[PDB]
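A quick write-up on the structure given underneath.
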Amino acid sequence: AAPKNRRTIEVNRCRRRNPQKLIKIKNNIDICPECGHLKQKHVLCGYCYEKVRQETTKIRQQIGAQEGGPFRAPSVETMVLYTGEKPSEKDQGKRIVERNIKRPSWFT
Amino acid sequence: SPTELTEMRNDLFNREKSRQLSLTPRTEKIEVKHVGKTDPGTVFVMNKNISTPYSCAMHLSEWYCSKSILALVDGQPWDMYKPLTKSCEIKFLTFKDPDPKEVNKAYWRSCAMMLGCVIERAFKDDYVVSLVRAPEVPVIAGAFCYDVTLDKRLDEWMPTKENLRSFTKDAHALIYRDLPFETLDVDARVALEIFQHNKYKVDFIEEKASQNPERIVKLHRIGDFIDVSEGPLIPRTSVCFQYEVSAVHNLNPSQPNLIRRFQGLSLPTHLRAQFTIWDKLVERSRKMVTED
Amino acid sequence: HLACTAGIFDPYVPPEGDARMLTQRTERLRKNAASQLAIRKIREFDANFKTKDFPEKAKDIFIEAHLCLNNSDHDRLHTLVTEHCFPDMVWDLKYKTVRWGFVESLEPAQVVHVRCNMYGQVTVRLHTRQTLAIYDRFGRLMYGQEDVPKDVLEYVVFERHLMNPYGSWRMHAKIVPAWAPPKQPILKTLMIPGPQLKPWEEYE
Amino acid sequence: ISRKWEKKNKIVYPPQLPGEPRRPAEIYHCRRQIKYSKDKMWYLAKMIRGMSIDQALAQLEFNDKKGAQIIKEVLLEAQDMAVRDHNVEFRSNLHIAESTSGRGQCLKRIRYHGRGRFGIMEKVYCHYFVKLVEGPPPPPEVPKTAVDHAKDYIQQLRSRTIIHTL
Amino acid sequence: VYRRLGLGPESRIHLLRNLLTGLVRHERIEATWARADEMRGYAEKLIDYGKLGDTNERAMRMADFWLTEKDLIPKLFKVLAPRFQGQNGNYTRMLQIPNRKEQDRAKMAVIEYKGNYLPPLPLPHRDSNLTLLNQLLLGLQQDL
Ligand SMILES: [Zn+2]
């Protein structure tokens, strides 16, 4: 549907420059102490979260190799151990995952 | 007249600044390494006795300037606008630090100094008002206290609700003015001359001069008003968001002069409070606070 | 085609305290065994090259080349300096305006050491007070003072193509003695960045 | 094609005299070819006009439009050269003086339709122009008070001049 | 009380079944925020079925249908159920993650089983009591 005459640039300029059509500023921006990067007040930091996922992938890779087959999910609890930490009696009766890396500072 | 004292007080403050500026020849480069938790290890080459922690914050980002209220130079609290003196390790202190007790004291002292400024100019020049000292009370006490000695003419006068509101208006105007806290370390001899008329201020200058091996004393100036400080103060008066003159308690030994301890509460913009919370805090801040 | 060779054939070693300093002139005679045979080689092609009189001719080239910087006389500066020297003088002056002046030389210029199909490089010792002030694109002053004299002692190497009949002495390189003090610092302040690391990585 | 925005960045002012105030720095940066509509980019440009360097970066980081990501890269590049070449001492001490987008050369193609129709396919490109001035953003406008408006009206009545009389 | 998901009611449960099976296997899954919230209730109720007892015949039918991989069925009754015996609820932790930068800008969240062996998530921390405002509140508390 076309108007019976061409729409003037002046008319068009007013429509696009109306405040309703302009981009709004956001004041909910926050700083992440953990990563030192920006975050939203309702959103978690991704720089630190990225570390968790990367460690999770590495941990998951170790578990997959240890299982050695599909549909081999243990019926017993699982635990992760890093270099410098040795399985204890409390770790008995739990699947033990060994990580070549030392215990991460953030991970406890 | 009080205006004359402020004029001469302002001049000596200005001349001291010139002498310190003249004392330092040329610009000397000092390597300051950032030991702050965020962006650690950055080393800034800075001009000695010229650069301030605010300049370093300007170098990094505006977020640093807005959220930094103080600086930890070699583990020592430093005002954001205090010129740097040597190569050191610098960290920025914020209101949300895990241990803001050092920050709390600086905010506590700065609020007391602002209260003292209000008292001296609140009363008419006809009456005689002399500031005795700013008592140091814990934040847990719930109110910051400033002691002032009034003239005999005011012995029978007690502030009303409107009079207390007038004091807050002066304090609110000072916050609105957003006057930066100027910092000068001055010898007792000059400091004694600056506050010679106020005998009570004279002794406080002597006490600080006595503690340190030298006679250097810490002087802070808000606009024309100047006062001695126990420690570092807030960079600017705009930090406070809520301000209130809760109550005034007259000390019983008022024979030579009527010593009044004024109770007030203030909150920084970084730490806003709910309306009901502020009301309860103001009510809890109207109780006499002793020094223990 | 190259009319100059980068580098110095043999780097002369300056002795500490030479600024305080007959005497040094005799040192060349003592070291003439090392350099006079080289001086003869320049003399063979020219026969008018003398260590005593070269500094005056050398000094003019050094000052004149610096003058071209004020007027950005690139064409003139090409002749004064060798191809190697030209980029060094002007590369860092891009988008900058500089007022450079030469104050009276503190001590007379003297040839210090020379070496040599055949390219002859002559080291000349110059102590001179100069005034330098560099401004930004916007005219803001960023380095030096407009009319303050700074006393600097340096050893300047000029070079000539002996083989070419029209070969002439053109400024090639400068030797900086270790005992010389550091140059004046820039007005603006610099920052040394901290290490950059990936998320999983830790501070070092 | 015209590239005068870059030439504006090549302008060199005469050396300032010692008794002359330090000239505020001006940085002209632009991205000539962007596979984006100028109008959409203009909306982003309009909002960020007059804002500080840090504020603009923070707003862009949480923006969902592709153009905003492009602007942030352009803004980051402008800041880097400003410190590197325009002698900007403080990274935070920068604000967006000007921000606008321009049309870029497009590509012409025919859009086929499944049922024998055709359309005019156009590959849009745009230019983005920003000028950055060292220093904090200028203070915002303050609306006129009732007293200010009233005074002007009285002045206007007094300022009136009689027409076509001796 | 239910989000309109899937090409049909079966698809939602099958999609939930796929989501539930993955979470049990890995114990921490990243998915769109809406899906994570929808499946959080099912995961909590499944843990209750594990608590009901391994011998419970009804639990097996629920576990067998919901968990396509049958190796997880022993795990639920012998790993998940023993783990959560002390807990009375809140077995699943769901947090909002920044939206995917995949040109669709989907709302993202991460749902994990509490007590897992995976590294702790970067959870938000409330302000410390040492803060000036908290210290002032502490004084008011002491007086009262
Ligand atoms: Zn983080």
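Numbers in chain A come straight from Swiss-Prot, and the residues shown are 78-185, in order.
This entry, so its header tells us, was determined using electron microscopy, 7.3 Å.
Keep in mind that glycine also has a Cβ here, set from the backbone N, Cα and C atoms.
For reference, Swiss-Prot has these:
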BINDING   A:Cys109, A:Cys112, A:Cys122, A:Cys125  Zn(2+) binding site
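Shown here: features listed in Swiss-Prot, placed on the structure.
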residue  : record              : CB count, 10 Å
A:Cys109 : Zn(2+) binding site : 19
A:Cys112 : Zn(2+) binding site : 18
A:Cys122 : Zn(2+) binding site : 21
A:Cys125 : Zn(2+) binding site : 19
Sites among the binding-site residues A:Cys109, A:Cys122, A:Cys125 close to chain C [C-beta, under 8 Å]: A:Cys125
